Number of protein chains: 2
Amino acid sequence: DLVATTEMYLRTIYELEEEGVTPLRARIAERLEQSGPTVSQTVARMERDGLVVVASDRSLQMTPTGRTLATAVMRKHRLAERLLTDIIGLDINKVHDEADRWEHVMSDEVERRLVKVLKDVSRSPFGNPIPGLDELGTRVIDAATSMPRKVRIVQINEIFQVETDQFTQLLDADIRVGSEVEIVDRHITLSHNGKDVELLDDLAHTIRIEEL
Amino acid sequence: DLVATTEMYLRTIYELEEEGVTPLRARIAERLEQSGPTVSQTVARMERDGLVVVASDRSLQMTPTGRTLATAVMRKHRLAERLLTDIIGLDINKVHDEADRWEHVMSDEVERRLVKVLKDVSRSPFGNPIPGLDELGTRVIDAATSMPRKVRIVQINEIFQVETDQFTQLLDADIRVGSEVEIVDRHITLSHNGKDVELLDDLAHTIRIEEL
Ligand code: NI
Ligand code: NI
Ligand code: NI
Ligand code: NI
């Protein structure tokens with residue numbers, strides 16, 4: 001019982017972060033269709049197991065081990081969805097639910113085979129990047145990690161820019177003095193309410209952020 | 001926890017029958033690497049759930065519902081093994097263990113797709129017929145069912161036979177006055193210690209059996 005449950009809590013926190021939603025226990029209860037009390041019980045165990053910390057604001061911060069496990073479950077889940085759609089041909093309306101089960105029993109080595117056999121594993125069939133593939137086998141340029149983080153805009157410093165076409169991109173995605181997600185890819189891209197601005201490097205080095 | 005466990009007990013009983021072994025609780029404990037007491041506890045629940053009867057000789061007789069479920073789990077298991085070998089290309093030494101997990105989470109509709117996509121679903125990669133495909137979508141000729149049963153030879157009646165090449169087949173598979181398995185296929189075949197004699201109809205109507 002217990003292992004699949006933990007993984008589901010983890011993938012759900014992972015999911016909410018990808019969606020920009022604060023990982024709150026009531027948000028997890030609602031999404032998993034579980035009671036709040038029930039969720040509190042599992043989260044308590046997960047804290048005990050070192051997988052999550054409940055911050056003073058009641059959000060759930062996955063620890064590095066928790067996040068590794070979350071990432072793995074998300075990876076299996078999305079690879080299973082790929083397998084089910086691409087090869088098996090299961091009706092798309094059933095694919096998620098099936099992968100909801102298969103994600104807890106797919107081995108790493110099966111994953112590795114899927115990566116060999118599938119045409120593309122960039123994205124699930126539902127449009128989301130498949131993470132953790134590598135593991136399977138302050139200025140923005142300095143501050144971003146290979147792990148999504150929300151930060152606060154403290155300076156944009158347009159005045160120092162030569163290229164200006166991204167000024168309007170920033171205005172259109174609404175930040176100026178706000179709280180944005182930051183990541184390094186193949187680098188740097190910023191997000192704010194499901195609107196992404198992929199920064200060119202000159203901007204990535206002048207934009208400054210803080211926690212928080 | 002409980003559903004996968006029940007299915008495993010069921011597939012194991014199914015297995016022992018296919019192998020000609022009396023479904024004894026100590027044989028199930030040994031095969032599942034579970035304690036006897038532990039197995040007694042689950043079997044008791046399974047009796048309560050209507051899936052098995054413990055006969056006076058201590059063998060486990062699957063009820064019709066139990067057998068249907070056993071057959072389904074065996075089917076998913078073997079189809080999963082096919083999928084893993086044929087398409088996925090998982091190392092054959094890992095295929096069983098993986099299917100040991102996937103058998104408990106594969107839906108009927110995924111099965112139906114597998115039957116569409118796979119080259120042949122007659123047999124698992126380990127040489128055993130895949131059952132339950134139809135469900136997914138006394139003289140021997142009269143006594144045999146579409147379900148394996150052991151019976152006792154009461155008469156062979158060679159004297160009434162025109163064709164005699166199967167006389168030696170019977171002698172070679174060692175029966176004469178013994179306890180044999182009987183089944184109807186595409187009919188009738190008899191088995192005795194992993195030696196099969198597929199009867200021609202003239203013999204199937206003269207050979208007589210009893211319980212038991
Ligand atoms: Ni999904
Ligand atoms: Ni799941
Ligand atoms: Ni097997
Ligand atoms: Ni199993």
Side-chain angles (χ1 to χ4, degrees), chain A residues 1-16 18-19 28 31-34 39 42 69-86 88 90-107 110 114 121 123-132, chain B residues 3-4 7-8 10-16 18-19 31-33 70-86 88 90-107 110 114 121 123-132:
Chain A
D1 219 274
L2 308 200
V3 179
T5 292
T6 299
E7 296 185 342
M8 284 296 292
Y9 281 49
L10 288 170
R11 205 234 312 147
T12 299
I13 297 156
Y14 189 98
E15 284 200 333
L16 296 168
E18 288 189 305
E19 300 167 19
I28 300 171
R31 192 109 106 193
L32 300 175
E33 294 180 355
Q34 298 293 277
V39 160
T42 292
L69 182 53
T71 296
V73 174
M74 187 52 91
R75 187 181 66 225
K76 300 165 178 306
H77 182 70
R78 301 189 162 140
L79 291 169
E81 288 182 331
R82 286 266 61 113
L83 162 59
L84 278 156
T85 316
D86 293 354
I88 298 178
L90 176 64
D91 184 317
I92 186 55
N93 297 291
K94 289 323 191 311
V95 166
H96 170 75
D97 275 348
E98 192 91 20
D100 193 4
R101 296 193 302 283
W102 290 27
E103 71 181 334
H104 306 294
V105 295
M106 176 174 298
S107 66
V110 159
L114 285 190
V121 295
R123 298 200 182 246
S124 74
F126 305 105
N128 302 310
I130 307 187
Chain B
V3 179
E7 296 185 342
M8 284 296 292
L10 288 170
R11 205 234 312 147
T12 299
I13 297 156
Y14 189 98
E15 284 200 333
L16 296 168
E18 288 189 305
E19 300 167 19
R31 192 109 106 193
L32 300 175
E33 294 180 355
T71 296
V73 174
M74 187 52 91
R75 187 181 66 225
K76 300 165 178 306
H77 182 70
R78 301 189 162 140
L79 291 169
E81 288 182 331
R82 286 266 61 113
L83 162 59
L84 278 156
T85 316
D86 293 354
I88 298 178
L90 176 64
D91 184 317
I92 186 55
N93 297 291
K94 289 323 191 311
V95 166
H96 170 75
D97 275 348
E98 192 91 20
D100 193 4
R101 296 193 302 283
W102 290 27
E103 71 181 334
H104 306 294
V105 295
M106 176 174 298
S107 66
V110 159
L114 285 190
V121 295
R123 298 200 182 246
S124 74
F126 305 105
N128 302 310
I130 307 187

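Below, chain A is the first sequence line, B the second, and so on; all start at residue 1. Atoms within a ligand are numbered from 1 in the order they appear, just like the ligands themselves.
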message = Among the N, O or S atoms of A:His96, which one sits nearest to the Ni ion (ligand 1)?
response =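 Among the N, O or S atoms of A:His96, the one closest to the Ni ion (ligand 1) is ND1.
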For the Ni ion (ligand 1): the N/O/S atom of A:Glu81 at shortest distance =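 Closest to the Ni ion (ligand 1) among those atoms: OE2.
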query = With side chains defined as the heavy atoms from C-beta onward, is the minimum distance between B:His104 and A:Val105 less than 4.5 Å?
reply =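 A side-chain contact under 4.5 Å is absent here.
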query = Quick one: salt bridge (charged side-chain N to carboxylate O under 4.0 Å, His left out) partners of A:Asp86, sequence neighbours excluded?
reply =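 Partners of A:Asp86 under the salt bridge (charged side-chain N to carboxylate O under 4.0 Å, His left out) test: A:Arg82.
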inquiry  = Suppose we screen for side-chain hydrogen bond (donor to acceptor under 3.5 Å, both in side chains). Which residues come up paired with A:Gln34, at least two apart in sequence or across chains?
reply    =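 For A:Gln34 there are no side-chain hydrogen bond (donor to acceptor under 3.5 Å, both in side chains) partners, ignoring immediate neighbours.
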task = Drop me the distance from B:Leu83's CG to B:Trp102's CH2, to the nearest 0.5 angstrom.
result =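 Going from the CG atom of B:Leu83 to the CH2 atom of B:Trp102 covers 5.5 Å.
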message = Less than 4.0 angstrom from a charged side-chain N to a carboxylate O is my criterion; do A:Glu7 and A:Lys76 meet it?
response =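 Answer for the salt bridge query: no.
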task = Check the Ni ion (ligand 2) and write out every protein N, O or S atom at under 2.8 Å, as residue and atom.
result =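 Short answer, with waters excluded from the count: A:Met8 SD, A:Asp100 O, A:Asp100 OD1, A:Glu103 OE2, A:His104 NE2.
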inquiry  = So, using side chain to side chain contact (heavy atoms under 4.5 Å, CB included) as the criterion, who are the partners of B:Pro129 when residues are at least two apart?
reply    =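 Partners of B:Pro129 under the side chain to side chain contact (heavy atoms under 4.5 Å, CB included) test: B:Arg123.
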message = Ring-plane angle category for A:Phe126 and A:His96, please: parallel below 30°, perpendicular beyond 60°, tilted otherwise.
response =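 Correct class here is perpendicular.
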